[PDB]
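>>> make a model of this:
(chains A, B, C, D, E, F and G)
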Amino acid sequence: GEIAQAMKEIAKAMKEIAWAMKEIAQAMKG
Amino acid sequence: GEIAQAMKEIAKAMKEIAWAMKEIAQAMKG
Amino acid sequence: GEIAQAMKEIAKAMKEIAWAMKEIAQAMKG
Amino acid sequence: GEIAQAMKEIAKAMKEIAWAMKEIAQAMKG
Amino acid sequence: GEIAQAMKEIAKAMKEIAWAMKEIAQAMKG
Amino acid sequence: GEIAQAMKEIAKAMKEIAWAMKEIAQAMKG
Amino acid sequence: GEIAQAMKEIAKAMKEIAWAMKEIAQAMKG
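Numbers count the residues shown, from 1 in each chain, chains lettered A, B, ... in the order given. Have a look at this structure:
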C-alpha cells in the first residue's frame, strides 16, 4: 500500500545513507 | 491523496539522496 | 489543514535537497 | 496542538535546508 | 506523551540543522 | 512499544546530528 | 509488521548517521 511501501523505501534509503556516511567518516579519520 | 502523494515524493527524494551520497563516498574512499 | 500542508512542504523541500545532492555528486565524480 | 506545531516547524526548517543546499550546489557547480 | 515529546525534539533539532546549513552556505557563497 | 521506542531513538539521533553540524559550521565560519 | 520494522530500521540508520557526523565533526576541530 501507499504508506507501507513509501516507509519501506525510506528505510532502505536511510540504511544506504548510513553506509555512505560511515565510509566518509573512515576516510577523514587518522 | 495529500498524505499518500507527500510520502511517495519523500521516498523517491530519499532514494536519490542515497544514490548521491554513495557517489561522494566512492570519490573519497581509498 | 496544517498537517497536510506541512507534509506537502516537506516533500517539495526533499525534492530540492535531492537535486542539490545530485549536482554535488556530479562535481565530485571522477 | 503540539503535533501540528512540530510538523509546521519541521516544514519551515526543511525549506531553509533546501535553500542552503542549493547555494552550496551553485558554489561547486561546473 | 512520549510521541508528542519525540516530535517536539525532532522539530528543535531540525531548526538547529537549518541554522548550521545556512552558516556553511554563507562560508561557501561566492 | 516498538513505535514509541523508534521515535525516541530518532529524536536522540537528530539532537546529536544537530550538535555535530553546529561544530562543522563553527570550523567553517570566518 | 512492515511499518513497525521500517520504523526500527529508520531509527538504527539515524543512530549510525549520528555517530558518523560526530566523527566528521571531530576530524574538523582542534
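
>>> chain E versus residue A:1, what's the distance?
Shown here: residue A:1 relative to chain E, a distance of 22 Å by CB to the nearest CB, to the nearest Å. Any C-beta I mention is one placed from the backbone N, CA and C, and that applies to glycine too.

>>> ok, now how distant is that residue from residue G:3?
10 Å (CB to CB, to the nearest Å).

>>> of the two, which one has the most company?
In this comparison of residue A:1 against residue G:3, neighbours counted by other CB atoms under 10 Å in any protein chain shown, the higher total goes to residue G:3 at 14 against 9.

>>> quick check: phi and psi at residue A:14.
phi -60, psi -40 (degrees, to the nearest 10).

>>> list the residues that contact it.
B:14, B:18, G:9-10, G:13-14, G:17 (CB atoms under 8 Å, 6 or more residues apart in numbering or on different chains).

>>> if we go to 10 Å?
Counting by CB atoms under 10 Å, 6 or more residues apart in numbering or on different chains, residue A:14 makes contact with B:14, B:17-18, F:10, G:6, G:9-14, G:16-17.

>>> which SS class is residue A:30?
coil (DSSP: H, G, I helix; E, B strand; the rest coil).

>>> I'd like to know how many residues surround it.
Residue A:30 has 3 nearby residues by other CB under 10 Å.

>>> any idea how far it is from chain B?
Residue A:30 is 13 Å from chain B, by CB to the nearest CB.

>>> for residue A:27, same thing?
5 Å.

>>> measure that residue to residue C:21 for me?
For residue A:27, the distance to residue C:21 - CB to CB - is 18 Å.

>>> cool, residue A:17 as well?
Distance from residue A:17 to residue C:21, by CB to CB: 10 Å.

>>> so what sits against both of the two?
B:17-18, B:20-21.

>>> can you pick out the most distant pair from those residues?
Using CB to CB, the shared contacts of residue A:17 and residue C:21 span at most 7.4 Å, a distance reached by B:18 and B:20.

>>> shared neighbours of those two, anything?
Joint contacts of residue B:18 and residue B:20 (CB under 10 Å, 6+ apart) are A:17, A:20, C:18, C:21.

>>> out of the residues you listed, which are inside helices?
A:17, A:20, C:18, C:21 (DSSP state H).

>>> what would those residues look like in a markdown table with neighbour count?
Converted to a markdown table, those look like this (neighbours: other CB atoms under 10 Å in any protein chain shown):
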| residue | neighbour count |
| --- | --- |
| A:17 | 22 |
| A:20 | 23 |
| C:18 | 21 |
| C:21 | 22 |
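
>>> out of the residues you listed, who's nearest chain F?
Comparing these against chain F with CB to the nearest CB places residue A:17 closest, at 11.6 Å.

>>> in this structure the closest one contacts residue G:18, no?
No. Counting by CB atoms under 10 Å, residue A:17 sits too far from residue G:18 to count as a contact (11.9 Å).

>>> which residues sit in contact with the residue lying farthest from the centre of chain A?
Centroid-distance maximum for chain A: residue A:30 at 24.0 Å, with CA atoms, centre = their mean. If you count contacts by CB under 10 Å, 6+ apart, residue A:30 has them with residue G:27.

>>> so it versus chain D, what's the distance?
Taken as CB to the nearest CB, the span from residue A:30 to chain D is 25 Å.
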